[PDB]
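Shown next, in structure tokens, is the structure this report addresses.
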Amino acid sequence: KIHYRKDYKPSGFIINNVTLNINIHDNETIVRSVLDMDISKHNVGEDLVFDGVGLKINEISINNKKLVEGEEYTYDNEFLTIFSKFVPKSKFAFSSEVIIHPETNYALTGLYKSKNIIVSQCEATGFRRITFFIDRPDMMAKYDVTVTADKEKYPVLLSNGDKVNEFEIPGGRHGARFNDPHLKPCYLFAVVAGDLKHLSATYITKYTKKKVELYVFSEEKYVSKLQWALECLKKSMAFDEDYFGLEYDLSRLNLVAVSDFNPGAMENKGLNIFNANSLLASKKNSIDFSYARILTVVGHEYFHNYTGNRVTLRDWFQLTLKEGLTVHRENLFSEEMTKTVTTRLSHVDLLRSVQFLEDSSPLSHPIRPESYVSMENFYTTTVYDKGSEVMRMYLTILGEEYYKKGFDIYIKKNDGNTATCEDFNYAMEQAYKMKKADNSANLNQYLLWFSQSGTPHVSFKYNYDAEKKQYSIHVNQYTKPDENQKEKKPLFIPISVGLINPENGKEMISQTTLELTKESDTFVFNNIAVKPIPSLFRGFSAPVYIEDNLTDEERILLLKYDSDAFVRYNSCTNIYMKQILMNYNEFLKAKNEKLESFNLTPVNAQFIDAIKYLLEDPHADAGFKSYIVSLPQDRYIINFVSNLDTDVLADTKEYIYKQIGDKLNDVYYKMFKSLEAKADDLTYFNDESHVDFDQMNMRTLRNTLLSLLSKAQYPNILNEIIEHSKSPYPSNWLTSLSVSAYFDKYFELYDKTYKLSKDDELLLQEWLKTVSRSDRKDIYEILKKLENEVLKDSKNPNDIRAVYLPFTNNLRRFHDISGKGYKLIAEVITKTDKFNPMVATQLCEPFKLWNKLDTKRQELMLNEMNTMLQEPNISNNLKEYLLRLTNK
Ligand SMILES: NC(=[NH2+])NCCC[C@H](N)C(=O)O
Ligand SMILES: [Mg+2]
Ligand SMILES: [Zn+2]
């Protein structure tokens, strides 16, 4: 059954209070539930229908009167229908006792066992797997939750909000009772039972001076990995205070790491639950990236407390309202915390590769979809990441002071309520009127960012009149029609711009934002003393394809002299893309025409010089440098190529890297050696409260250079690889594994890094990813080895994703023209779907680009997807996904 956005209608029922008793035993969990309910003003005498999936009914009652199956109710394992003539016409209690089995719940939705922890995950529709409910986010209620369990196995019992009681129960059990005073949707319900250890701290809110207890929890083995998360939480709270004026609203906030988790984390009120890989780190047992990830995910979940929890969703179509906005808030936070331009660049990199691919695929949707079958399929980079760019554009358009004003209005007006995207636009519109000093100004056109799918293309033409000192920028926008809209409309696109004097490299104007609201416009600048080079979409100011129509000479000048990190990075990207497209077509023609000989265009020599120039500048960001010596992502490139022959693209990238290395490899080696002391310095190695993001960037750079030098078989590089493997930083010694792929020492380092990894669950998963990603001719045999020796029969999403996903990025081998990469992943998807549909769909990622490949590869991918579609008992989740991806 399809849900349509336009069909939204309030429930004919109200649920005011939920009182739960959750009694956990080894071989069953019993859930007793009383809902204090009422008839809404929208009620039209309908049956009372509860969602309830996979529940075993012991009893149901209305008002102390037992209801009888086949007489008063029916239940079909998805819906409990109570016939209207038995439903009261005023306030009443509904109560039920059901049996569930977390110990056999491998889908990790509802209540499940993760190792030795019992934990819930209810977003989006998991609560119906715990007990009967009207399981939709506009049914808000207050929760009174008792959990009971064996004391010895489950000494720590948690649910949302204030703990009001703990008590002994005969038989060696105990119970804990919680009251959450805040109205919430059921998706924000959580419970946890485990032998948990913690770190804690106290935080005093900035304005009202509330004392808040902060606890972070994990299994005993990993308690020493909790400290950075606790520091990140404090940073998050301070930031929401300082930037947004927002204070936490409960006496206690708990974060809990679990080993088996589908998402990254979950913002349950007062009880945030994390994938361990996004909560736990230590410097001896985690890669550098873990520290940024944890800062990101802790901040994200914390910021949900307002954007998601205190203001929640009217319906699931509004998902981007909490996810887009929360990602945006986390981006501001992370950028402020890390103080490196690579934070913003990394987000742009992900948008323009993964999200752009999505937006040009058959899966393309607007950030607010018009329909769904399974909401699970819309936790997408479109909803999260394009969402965040749409939320960011408000700040770009309004500026900080007015943005904060509009956000305040949003919070003030909707606090304690459900909300829609229109509510957020309305608030921003008020700030807009205030800023334009004009009560007739409006953001009606802005709404198109929510409803219209596809990436806009913004293109540029220029005129300089030297006599008048007058510069003109003519801008055009175009969105390609697709299955969502036959006719696309012009968006409100803010374009942040500067102008660079190419003669001296200086800024010629104060940075300004051009507001393009039409299909095209011409913006004219007076008193421009020399012909400038434009610096366009600074900070990446809108989520668009940029066609700068600049020469490579001009891009090089921007790369060298522009102040904006994005424009420099993008100028580099465009130079690479021109070269890739040229060399790709040259190889392609030679192949197609079976030429005995042909020419390749060399890489621009002034560009190579500019790379040298930047690398040798010790004041330039090391993270930025690592971007400039790397070609654009395959998934970014594919947006510019029809009928992509992956082997030809692989040859193209190889040729380009070789041409650059022939000039730069000695410089690369020099830098690798000179960066070492600063990069690998052990300051803070024992301090999980301090992270030097600049130093981490230096390590990234060194590892990037080592990778380039290894691929090139630079003289005696193996010696440096071996030495690198003895570093205390896992980022280094895991790099040494993957760069050794090109040498006979690979399996030696394979074994060594395994032994270093095998005793830490999360580090082992990093090791798995490193092997999966290894550039090996025998990679298929290696995957089999991983299957038989390490992964075996694991149902842990982290393990499965670690083994297979990174491999699918192997341009040469995953896309083997035999189709054996496709067949391998399809088999895994089908196997996984039998116990965890959510993860099965995630594993489909590689197929998203099927219709962009050459005809043979298209056919092979299509064959595998149609095969998956034919599997008996295929989940709704996977079926919906694959039917959409294959155009029906
Ligand atoms: N169906 C899902 N994938 N749910 C994941 C929920 C993640 C959580 N709402 C967050 O983004 O912080
Ligand atoms: Mg069941
Ligand atoms: Zn979120």
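Naming scheme: A, B, ... for chains in displayed order of the structure tokens; residues 1 onward per chain; ligands 1 onward as shown.
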
Segment 15-104 of chain A: residues DSSP assigns to strand (DSSP E), reported as a PDB file with C-alpha atoms, in the first residue's frame:
ATOM      1  CA  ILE A  15      -3.378   8.645  22.499  1.00  0.00           C
ATOM      2  CA  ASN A  16      -2.542  10.738  25.562  1.00  0.00           C
ATOM      3  CA  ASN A  17      -0.562   8.358  27.768  1.00  0.00           C
ATOM      4  CA  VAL A  18       1.331   5.124  27.267  1.00  0.00           C
ATOM      5  CA  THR A  19       2.128   2.919  30.238  1.00  0.00           C
ATOM      6  CA  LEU A  20       4.432   0.041  29.357  1.00  0.00           C
ATOM      7  CA  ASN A  21       5.665  -2.974  31.254  1.00  0.00           C
ATOM      8  CA  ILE A  22       8.454  -4.729  29.403  1.00  0.00           C
ATOM      9  CA  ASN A  23       9.408  -8.018  31.041  1.00  0.00           C
ATOM     10  CA  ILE A  24      12.531  -9.530  29.543  1.00  0.00           C
ATOM     11  CA  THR A  29       9.799 -10.791  26.295  1.00  0.00           C
ATOM     12  CA  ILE A  30       6.334  -9.931  27.561  1.00  0.00           C
ATOM     13  CA  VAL A  31       4.991  -6.449  26.876  1.00  0.00           C
ATOM     14  CA  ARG A  32       1.993  -5.106  28.763  1.00  0.00           C
ATOM     15  CA  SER A  33       0.631  -1.792  27.563  1.00  0.00           C
ATOM     16  CA  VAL A  34      -2.128   0.586  28.597  1.00  0.00           C
ATOM     17  CA  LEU A  35      -3.001   3.424  26.245  1.00  0.00           C
ATOM     18  CA  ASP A  36      -5.189   6.171  27.622  1.00  0.00           C
ATOM     19  CA  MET A  37      -7.094   7.119  24.529  1.00  0.00           C
ATOM     20  CA  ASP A  38      -9.778   9.424  23.197  1.00  0.00           C
ATOM     21  CA  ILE A  39     -11.866  10.113  20.108  1.00  0.00           C
ATOM     22  CA  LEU A  48     -10.034   1.441  15.662  1.00  0.00           C
ATOM     23  CA  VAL A  49      -6.992   0.082  13.819  1.00  0.00           C
ATOM     24  CA  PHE A  50      -3.611  -0.382  15.502  1.00  0.00           C
ATOM     25  CA  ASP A  51      -0.345  -1.186  13.811  1.00  0.00           C
ATOM     26  CA  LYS A  56       1.745 -12.717  19.726  1.00  0.00           C
ATOM     27  CA  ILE A  57      -1.451 -11.672  21.480  1.00  0.00           C
ATOM     28  CA  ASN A  58      -2.043 -12.883  25.028  1.00  0.00           C
ATOM     29  CA  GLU A  59      -4.961 -10.554  25.689  1.00  0.00           C
ATOM     30  CA  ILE A  60      -6.487  -7.285  24.629  1.00  0.00           C
ATOM     31  CA  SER A  61      -8.949  -5.197  26.638  1.00  0.00           C
ATOM     32  CA  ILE A  62     -10.963  -2.057  26.409  1.00  0.00           C
ATOM     33  CA  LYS A  65     -13.477  -5.722  29.241  1.00  0.00           C
ATOM     34  CA  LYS A  66     -11.604  -8.501  27.448  1.00  0.00           C
ATOM     35  CA  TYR A  73     -11.384  -7.740  16.847  1.00  0.00           C
ATOM     36  CA  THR A  74      -9.289  -9.249  14.112  1.00  0.00           C
ATOM     37  CA  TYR A  75      -5.499  -9.438  13.894  1.00  0.00           C
ATOM     38  CA  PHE A  79      -2.998  -4.691  11.787  1.00  0.00           C
ATOM     39  CA  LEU A  80      -5.267  -5.094  14.781  1.00  0.00           C
ATOM     40  CA  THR A  81      -8.775  -3.988  13.868  1.00  0.00           C
ATOM     41  CA  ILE A  82     -11.308  -3.380  16.616  1.00  0.00           C
ATOM     42  CA  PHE A  92     -11.108   5.002  27.311  1.00  0.00           C
ATOM     43  CA  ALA A  93      -8.216   2.698  28.164  1.00  0.00           C
ATOM     44  CA  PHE A  94      -6.907   0.186  25.676  1.00  0.00           C
ATOM     45  CA  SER A  95      -4.596  -2.466  27.055  1.00  0.00           C
ATOM     46  CA  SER A  96      -2.793  -5.469  25.698  1.00  0.00           C
ATOM     47  CA  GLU A  97      -0.277  -8.126  26.532  1.00  0.00           C
ATOM     48  CA  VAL A  98       1.870  -9.451  23.722  1.00  0.00           C
ATOM     49  CA  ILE A  99       4.928 -11.649  23.409  1.00  0.00           C
ATOM     50  CA  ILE A 100       7.980 -10.747  21.328  1.00  0.00           C
TER      51      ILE A 100
END

Report the residues of segment 698-737 of chain A whose backbone DSSP state falls under helix (DSSP H, G or I), written as a ChimeraX atom specification. /A:698-711,717-724,730-737

Among listed residues A:585, A:740, A:674, A:633, nearest residue 353 of chain A (using only C-alpha atoms):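 Selected residue with least distance to residue 353 of chain A: A:633.
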
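Pocket residues of ligand 3, taken as those with any atom at most 8 Å away using only C-alpha atoms and all ligand atoms, are residues 265, 266, 267, 300, 301, 304, 308, 322, 323, 324, 326, 327 and 384 of chain A.
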
List as a Markdown table every residue of chain A that is in contact with ligand 2, defined as an atom at most 9 Å from one of its atoms (using only C-alpha atoms and all ligand atoms), together with the nearest atom pair and the distance in Å rounded to one decimal, sorted by chain and then rising number.
| residue | atom | partner | partner_atom_place_in_ligand_line | distance |
| --- | --- | --- | --- | --- |
| A:53 | CA | ligand 2 | 1 (Mg) | 7.3 |
| A:54 | CA | ligand 2 | 1 (Mg) | 3.9 |
| A:55 | CA | ligand 2 | 1 (Mg) | 4.6 |
| A:56 | CA | ligand 2 | 1 (Mg) | 6.1 |
| A:77 | CA | ligand 2 | 1 (Mg) | 8.8 |
| A:98 | CA | ligand 2 | 1 (Mg) | 8.9 |
| A:99 | CA | ligand 2 | 1 (Mg) | 6.8 |
| A:100 | CA | ligand 2 | 1 (Mg) | 4.7 |
| A:101 | CA | ligand 2 | 1 (Mg) | 6.0 |
| A:102 | CA | ligand 2 | 1 (Mg) | 8.5 |
| A:104 | CA | ligand 2 | 1 (Mg) | 8.7 |
| A:105 | CA | ligand 2 | 1 (Mg) | 8.2 |
| A:129 | CA | ligand 2 | 1 (Mg) | 7.5 |
| A:130 | CA | ligand 2 | 1 (Mg) | 8.7 |

Please, what distance in Å, to one decimal, runs between atom CA of residue 533 of chain A and atom CA of residue 502 of chain A? 6.4 Å

When you look at residue 611 of chain A with a cut-off of 9 Å (counting only C-alpha atoms), what residues show up, excluding the ones that are within fewer than 2 positions of it in the same chain? I need them as a PyMOL selection string. chain A and resi 559-560+606-609+613-616+625+628-629+664

Just C-alpha atoms for this one: save the residues we selected as a PDB file, in the first residue's frame.
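Written output follows (out-v8.pdb):
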ATOM      1  CA  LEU A 559      43.602  27.520  -7.635  1.00  0.00           C
ATOM      2  CA  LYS A 560      46.752  29.476  -6.762  1.00  0.00           C
ATOM      3  CA  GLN A 606      51.054  24.779 -15.903  1.00  0.00           C
ATOM      4  CA  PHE A 607      48.508  22.857 -13.821  1.00  0.00           C
ATOM      5  CA  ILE A 608      51.193  20.423 -12.665  1.00  0.00           C
ATOM      6  CA  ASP A 609      53.358  23.431 -11.712  1.00  0.00           C
ATOM      7  CA  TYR A 613      53.443  25.424  -5.910  1.00  0.00           C
ATOM      8  CA  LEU A 614      50.628  24.598  -3.497  1.00  0.00           C
ATOM      9  CA  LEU A 615      52.202  21.452  -2.086  1.00  0.00           C
ATOM     10  CA  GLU A 616      55.324  23.437  -1.176  1.00  0.00           C
ATOM     11  CA  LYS A 625      46.582  19.426  -0.476  1.00  0.00           C
ATOM     12  CA  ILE A 628      44.450  18.542  -5.084  1.00  0.00           C
ATOM     13  CA  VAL A 629      46.660  15.496  -5.802  1.00  0.00           C
ATOM     14  CA  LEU A 664      55.876  15.301  -9.219  1.00  0.00           C
TER      15      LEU A 664
END

Using only C-alpha atoms and all ligand atoms: which of A:263, A:161, A:797, A:715 has the shortest distance to ligand 1: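 Using only C-alpha atoms and all ligand atoms, ligand 1 sits closest to A:263.
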
Could you check the closest approach to residue 89 of chain A for each of A:464, A:228, A:13, A:133 and tell me which residue wins, using only C-alpha atoms?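 Ranked by minimum distance to residue 89 of chain A, first place goes to A:13.
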
Per-residue nearest contacts segment 234-304 of chain A to segment 801-808 of chain A, cut-off 12 Å, using only C-alpha atoms, as a tab-separated table:
residue	atom	partner	partner_atom	distance
A:260	CA	A:801	CA	11.8
A:261	CA	A:801	CA	11.6
A:262	CA	A:801	CA	10.3
A:263	CA	A:801	CA	11.9
A:277	CA	A:802	CA	11.5

So that I can check the surroundings of residue 298 of chain A, please list as a PyMOL selection string every protein, DNA and RNA residue that reaches within 12 Å of it, counting only C-alpha atoms and ignoring chain neighbours fewer than 3 positions away. chain A and resi 216+226+228-237+253-257+264-267+271-280+290-295+301-305+326-327+329-330+333-334

Once you have the residues from the selection above, write them out as a CSV table (one decimal), in the first residue's frame, restricted to N, CA and C atoms.
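Result saved to selection_33.csv:
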chain,number,residue,atom,x,y,z
A,216,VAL,N,27.7,8.3,29.3
A,216,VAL,CA,27.9,7.5,28.1
A,216,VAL,C,28.2,6.0,28.5
A,226,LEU,N,35.1,5.5,25.5
A,226,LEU,CA,33.9,6.4,25.6
A,226,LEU,C,34.2,7.9,25.8
A,228,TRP,N,36.0,10.4,24.3
A,228,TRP,CA,35.9,11.4,23.2
A,228,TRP,C,34.4,11.8,23.0
A,229,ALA,N,33.6,10.8,23.0
A,229,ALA,CA,32.1,11.0,22.8
A,229,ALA,C,31.6,11.9,23.9
A,230,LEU,N,32.0,11.8,25.1
A,230,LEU,CA,31.6,12.6,26.2
A,230,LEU,C,32.0,14.0,26.0
A,231,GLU,N,33.3,14.2,25.6
A,231,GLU,CA,33.8,15.5,25.2
A,231,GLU,C,33.0,16.1,24.1
A,232,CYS,N,32.7,15.3,23.1
A,232,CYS,CA,31.9,15.8,21.9
A,232,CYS,C,30.5,16.3,22.3
A,233,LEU,N,29.9,15.6,23.3
A,233,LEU,CA,28.6,15.9,23.8
A,233,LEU,C,28.6,17.3,24.5
A,234,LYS,N,29.6,17.5,25.3
A,234,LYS,CA,29.7,18.8,25.9
A,234,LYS,C,29.9,19.9,24.9
A,235,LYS,N,30.7,19.7,23.9
A,235,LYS,CA,30.9,20.7,22.8
A,235,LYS,C,29.6,20.9,22.2
A,236,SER,N,28.8,19.9,21.9
A,236,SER,CA,27.5,20.0,21.2
A,236,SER,C,26.6,20.9,22.0
A,237,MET,N,26.5,20.7,23.3
A,237,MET,CA,25.6,21.4,24.1
A,237,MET,C,26.0,22.9,24.2
A,253,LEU,N,21.0,13.1,30.4
A,253,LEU,CA,21.2,12.6,29.0
A,253,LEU,C,22.1,11.4,28.9
A,254,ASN,N,21.6,10.3,28.4
A,254,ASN,CA,22.4,9.1,28.2
A,254,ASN,C,22.7,8.8,26.7
A,255,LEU,N,24.0,8.5,26.4
A,255,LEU,CA,24.3,7.9,25.1
A,255,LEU,C,24.8,6.4,25.3
A,256,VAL,N,24.4,5.6,24.4
A,256,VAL,CA,24.6,4.1,24.5
A,256,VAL,C,25.2,3.6,23.2
A,257,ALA,N,26.4,3.0,23.3
A,257,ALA,CA,26.9,2.3,22.1
A,257,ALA,C,26.4,0.8,22.0
A,264,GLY,N,23.5,5.0,11.7
A,264,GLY,CA,24.7,5.5,12.5
A,264,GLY,C,24.3,5.7,14.0
A,265,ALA,N,23.2,6.4,14.2
A,265,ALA,CA,22.7,6.6,15.6
A,265,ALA,C,21.3,7.0,15.6
A,266,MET,N,20.7,7.2,16.8
A,266,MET,CA,19.3,7.5,16.9
A,266,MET,C,19.0,8.4,18.1
A,267,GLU,N,18.1,9.4,17.8
A,267,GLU,CA,18.0,10.5,18.8
A,267,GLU,C,16.9,10.3,19.8
A,271,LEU,N,18.0,9.5,25.6
A,271,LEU,CA,18.5,8.2,25.5
A,271,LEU,C,19.0,7.9,24.1
A,272,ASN,N,20.1,8.6,23.6
A,272,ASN,CA,20.5,8.5,22.3
A,272,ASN,C,21.3,7.1,22.1
A,273,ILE,N,21.0,6.4,21.1
A,273,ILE,CA,21.6,5.1,20.9
A,273,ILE,C,22.4,5.1,19.6
A,274,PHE,N,23.7,4.6,19.7
A,274,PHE,CA,24.6,4.7,18.6
A,274,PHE,C,25.1,3.3,18.1
A,275,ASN,N,25.3,3.2,16.8
A,275,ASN,CA,26.3,2.3,16.3
A,275,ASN,C,27.6,2.6,17.0
A,276,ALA,N,28.2,1.5,17.6
A,276,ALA,CA,29.5,1.7,18.3
A,276,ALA,C,30.5,2.4,17.5
A,277,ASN,N,30.5,2.2,16.2
A,277,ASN,CA,31.5,2.8,15.3
A,277,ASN,C,31.3,4.3,15.2
A,278,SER,N,30.3,4.8,15.8
A,278,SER,CA,30.0,6.3,15.8
A,278,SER,C,30.0,6.9,17.2
A,279,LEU,N,30.4,6.0,18.2
A,279,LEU,CA,30.5,6.5,19.6
A,279,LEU,C,31.8,6.2,20.2
A,280,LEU,N,32.5,5.1,19.8
A,280,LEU,CA,33.6,4.6,20.6
A,280,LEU,C,34.9,4.9,19.8
A,290,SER,N,37.6,8.2,12.8
A,290,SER,CA,36.6,7.9,13.9
A,290,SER,C,36.3,9.2,14.7
A,291,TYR,N,37.3,10.0,14.9
A,291,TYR,CA,37.2,11.2,15.8
A,291,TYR,C,36.3,12.2,15.2
A,292,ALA,N,36.4,12.5,13.9
A,292,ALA,CA,35.5,13.3,13.1
A,292,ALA,C,34.1,12.7,13.1
A,293,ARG,N,34.0,11.4,12.8
A,293,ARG,CA,32.7,10.7,12.8
A,293,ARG,C,31.9,10.8,14.1
A,294,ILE,N,32.6,10.6,15.2
A,294,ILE,CA,32.0,10.7,16.5
A,294,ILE,C,31.5,12.1,16.8
A,295,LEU,N,32.4,13.1,16.6
A,295,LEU,CA,32.0,14.5,16.8
A,295,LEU,C,30.8,14.8,16.0
A,301,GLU,N,23.0,13.9,16.8
A,301,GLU,CA,21.9,13.4,17.7
A,301,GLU,C,21.5,14.4,18.7
A,302,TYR,N,22.5,15.1,19.3
A,302,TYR,CA,22.2,16.1,20.3
A,302,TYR,C,21.3,17.2,19.7
A,303,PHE,N,21.7,17.7,18.5
A,303,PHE,CA,20.9,18.8,17.9
A,303,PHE,C,19.5,18.4,17.5
A,304,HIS,N,19.2,17.1,17.3
A,304,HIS,CA,17.9,16.6,17.2
A,304,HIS,C,17.0,16.9,18.4
A,305,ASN,N,17.6,17.2,19.5
A,305,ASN,CA,16.7,17.4,20.7
A,305,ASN,C,15.7,18.5,20.5
A,326,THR,N,19.0,19.2,10.8
A,326,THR,CA,20.0,18.7,11.8
A,326,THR,C,21.4,18.5,11.2
A,327,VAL,N,21.5,17.9,10.0
A,327,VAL,CA,22.7,17.8,9.3
A,327,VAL,C,23.4,19.2,9.1
A,329,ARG,N,22.8,21.9,11.0
A,329,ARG,CA,23.3,22.3,12.4
A,329,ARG,C,24.6,21.6,12.8
A,330,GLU,N,24.7,20.3,12.5
A,330,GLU,CA,25.9,19.6,12.7
A,330,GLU,C,27.1,20.1,11.9
A,333,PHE,N,28.5,23.2,13.4
A,333,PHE,CA,29.1,22.7,14.6
A,333,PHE,C,30.5,22.2,14.3
A,334,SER,N,30.5,21.2,13.4
A,334,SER,CA,31.8,20.6,13.0
A,334,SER,C,32.8,21.6,12.4

Who sits within 12 Å of residue 483 of chain A, only C-alpha atoms, same chain under 5 positions skipped, as number ranges by chain: A: 359-366, 370, 452-454, 488, 884, 887-888

Those same residues - N, CA and C atoms - I'd like them written as a CSV table (one decimal), in the first residue's frame.
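What landed in result.csv:
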chain,number,residue,atom,x,y,z
A,359,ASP,N,20.5,11.8,-7.7
A,359,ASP,CA,19.5,12.7,-8.2
A,359,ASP,C,19.4,12.6,-9.8
A,360,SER,N,20.4,12.0,-10.4
A,360,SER,CA,20.3,11.7,-11.8
A,360,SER,C,19.9,10.3,-12.1
A,361,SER,N,19.6,9.5,-11.1
A,361,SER,CA,19.2,8.1,-11.2
A,361,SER,C,17.7,7.9,-11.3
A,362,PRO,N,17.2,6.7,-11.6
A,362,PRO,CA,15.8,6.5,-11.5
A,362,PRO,C,15.2,6.7,-10.1
A,363,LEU,N,16.1,6.7,-9.1
A,363,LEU,CA,15.7,6.9,-7.7
A,363,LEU,C,15.5,8.3,-7.3
A,364,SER,N,15.8,9.2,-8.2
A,364,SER,CA,15.7,10.7,-8.0
A,364,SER,C,14.4,11.0,-7.3
A,365,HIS,N,14.5,11.7,-6.2
A,365,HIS,CA,13.3,12.3,-5.5
A,365,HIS,C,13.6,13.7,-5.0
A,366,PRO,N,12.6,14.5,-4.8
A,366,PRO,CA,12.8,15.8,-4.1
A,366,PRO,C,13.1,15.5,-2.6
A,370,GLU,N,6.9,12.7,-2.7
A,370,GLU,CA,5.4,12.7,-2.9
A,370,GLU,C,4.8,11.4,-2.5
A,452,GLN,N,10.9,20.0,-6.0
A,452,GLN,CA,11.4,19.8,-7.3
A,452,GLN,C,12.7,18.9,-7.1
A,453,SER,N,12.7,17.8,-7.9
A,453,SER,CA,13.9,16.9,-7.9
A,453,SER,C,14.9,17.3,-9.0
A,454,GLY,N,16.1,16.7,-8.9
A,454,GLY,CA,17.1,17.0,-9.9
A,454,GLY,C,18.1,18.1,-9.5
A,488,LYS,N,10.3,21.8,-15.3
A,488,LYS,CA,11.1,22.2,-14.2
A,488,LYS,C,11.0,23.8,-14.1
A,884,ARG,N,11.8,0.6,-8.2
A,884,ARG,CA,12.1,2.0,-8.5
A,884,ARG,C,13.3,2.2,-9.3
A,887,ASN,N,13.0,1.4,-13.0
A,887,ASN,CA,11.9,2.0,-13.7
A,887,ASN,C,10.6,1.2,-13.8
A,888,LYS,N,10.3,0.4,-12.8
A,888,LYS,CA,9.0,-0.3,-12.7
A,888,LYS,C,9.2,-1.7,-12.5

Pairwise distance for atom CA of residue 158 of chain A and atom CA of residue 375 of chain A, rounded to one decimal in Å: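 One can read the atom CA of residue 158 of chain A to atom CA of residue 375 of chain A distance as 27.2 Å.
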
Could you name the residues that touch segment 810-816 of chain A at 10 Å or less, counting only C-alpha atoms, but leaving out those on the same chain fewer than 4 positions away, as a ChimeraX atom specification? /A:634,645-651,772-780,805-806,820-825,846,853,857,860-861

Nearest to residue 346 of chain A by atom-to-atom distance, counting only C-alpha atoms, from A:136, A:623, A:122, A:588: A:623

Which residues, written as an NGL selection string, have at least one atom at most 6 Å from residue 113 of chain A, with only C-alpha atoms counted and residues fewer than 3 positions away on the same chain left out? :A and (102-103 or 117-118)

Top pick for closest residue to ligand 1, considering A:501, A:224, A:309, A:652 and counting only C-alpha atoms and all ligand atoms: A:309

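Nearest to residue 284 of chain A of all the residues A:374, A:445, A:863, A:732 is A:732, based on only C-alpha atoms.
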